[PDB]
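Reading through the structure tokens given below for one structure.
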Amino acid sequence: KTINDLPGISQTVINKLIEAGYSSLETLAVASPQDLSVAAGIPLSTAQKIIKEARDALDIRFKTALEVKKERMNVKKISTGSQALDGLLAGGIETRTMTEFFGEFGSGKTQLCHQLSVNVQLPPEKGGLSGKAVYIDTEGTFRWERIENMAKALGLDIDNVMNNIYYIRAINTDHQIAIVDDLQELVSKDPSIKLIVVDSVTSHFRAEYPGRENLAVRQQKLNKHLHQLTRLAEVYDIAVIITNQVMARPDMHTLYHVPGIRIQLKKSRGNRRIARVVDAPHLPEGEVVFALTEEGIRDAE
Amino acid sequence: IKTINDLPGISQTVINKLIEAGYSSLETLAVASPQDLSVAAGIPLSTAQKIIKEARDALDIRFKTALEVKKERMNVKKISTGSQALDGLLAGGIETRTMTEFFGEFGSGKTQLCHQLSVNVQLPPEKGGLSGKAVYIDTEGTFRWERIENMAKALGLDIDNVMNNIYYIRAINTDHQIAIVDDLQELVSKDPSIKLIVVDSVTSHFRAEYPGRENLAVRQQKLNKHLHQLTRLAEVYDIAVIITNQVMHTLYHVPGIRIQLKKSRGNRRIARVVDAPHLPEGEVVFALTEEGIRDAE
């Protein structure tokens, strides 16, 4: 994974490679040595080396049909709505794990949450888990209308869909924490819930513990909260999603992160959005494209 | 030659009067009565008898001996589609050493075809196969292990054996698709049993990552490079390569054979030869049953 982990590679060129738009290995693997040597200012011989080393690094494993079928019955995921995105996520949002989508405002984190709170209700055959979703609204982002249109586009009972989503406003950090604490009860008292969504987790934490003077305690507290969510997910076999708003994490000191899977979302040509894996145990790196339509999260074009 | 536009000594004004009359295909004109064509299209009777002679020759009807054909059948092995009709259109079935494309609207039956072929390949020459394995590169998550199963049962095969004879892989985008094909050479070498490679929805990612007419150029350049790659493997390791595309003074096409698929009344589907060296123009009809690809009736 990652370019930083390439064998026999100086740490000076690794910069001239990210400073040239080559962030992922798949990008290097299929790139031309001649074109990489110019766009990055690297010795032609060094180019054919970084690409030879990048080409091996690719985890191309051809699994049998049979084996993959065993893997499908051994796991169940909630489909995002965009075939592209689903593939990046090896199938969809997995239960038992916490998934984070972080990105600038309008990168599509909010759309995605609503989309998942509905798709989750669909039967396995149609991409869901015939389950309920709990939507913890941190900064008043829930839109009953988005739920509606997404609902229609699937020809579902608007009213039924909405009734399958538990809603709650967490006004502050303490409340957020206590709400997720109470989450255990509700999930025990109603085993149908299979998706918890916490939109803008970090938010109150950033407001109640601002700046670099608190960062220590903020994360100390933030992380504790997320450990919590994780455990819940793992223990009651339910999918947990968190969205975190940022403005640009170095790309276009190594910090610590709790979240199992971490996908970054970027804005593109108006209607389009790019999704890229940044942290994930079994997911392979590489970004893909999708879009925001009225039907909800779909693939582009 | 295919398409009416390729007819020799034919004006371009009538070519419109013919298509405006309903004569779009050549076999339809070949079997047409010059009198009725003359009226239906408002074309000189002399000119009607001419276009139908041209069209009927365009068909390329060769009468080989029974002996000569038998020789030609041992000189080549093909994977059968399941539908006698289609096989017939394909001169016997899917040929190795060649890339075949099936394109058409969604549900036109390109997906079912790919699954059908990934199973028929494992069959022994006597039963239509080549006793080989298949590699299914899934572009948009279309693989259904369920379809492979029923297709499997209907043949009285070992579901779990068949499935174990199909390598699967998910190509989440262009770069991955490309890379997966680059490594394809190793795998075929590493395992000479593999005789079928199927790439469902090739064009797909390319149309996503390089959208519109603004990229078309780079799309085809990359697309052709990709495909030039697939061909070589087919040719070099003596194996069939199938690709499906989803559609609804240059134009740069690589694919050897290009069969178009169309949706008909419910269960029925039509397949028409669009591009092909040795294959004769003409469409045929088949059907998507639960057993898999079969003939309609």
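FYI, residue positions are counted from 1 along the chain as it appears here.
This deposition comes from X-ray crystallography, 3.3 Å.
The backbone N, Cα and C atoms fix where each Cβ goes, and this holds for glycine too.
Quick look at what Swiss-Prot lists:
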- B:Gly104, B:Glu105, B:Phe106, B:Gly107, B:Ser108, B:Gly109, B:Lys110, B:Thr111: ATP binding site (BINDING)
Cβ neighbours within the same chain of B:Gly107 (ATP binding site) - under 8 Å, at least six residues apart: B:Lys263
Additional residues surrounding ATP, by Cβ distance to the B:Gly104, B:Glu105, B:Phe106, B:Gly107, B:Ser108, B:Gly109, B:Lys110, B:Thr111 centre under 8 Å: B:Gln246, B:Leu261, B:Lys263, B:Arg269
Largest tally of Cβ atoms lying within 10 Å of a Cβ, found at which of the binding-site residues B:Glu105, B:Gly109: B:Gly109
Euclidean Cα distance (Å) for gap endpoints B:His249 and B:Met248, 16 residues missing: 23
Cβ-Cβ distance under 8 Å to B:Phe106 (ATP binding site), same chain, at least six residues away: B:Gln246
Binding-site residues compared (B:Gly104, B:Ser108, B:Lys110, B:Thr111) - highest count of Cβ atoms within 10 Å: B:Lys110
DSSP-derived structure type at B:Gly104 (ATP binding site), helix or strand or else coil: strand
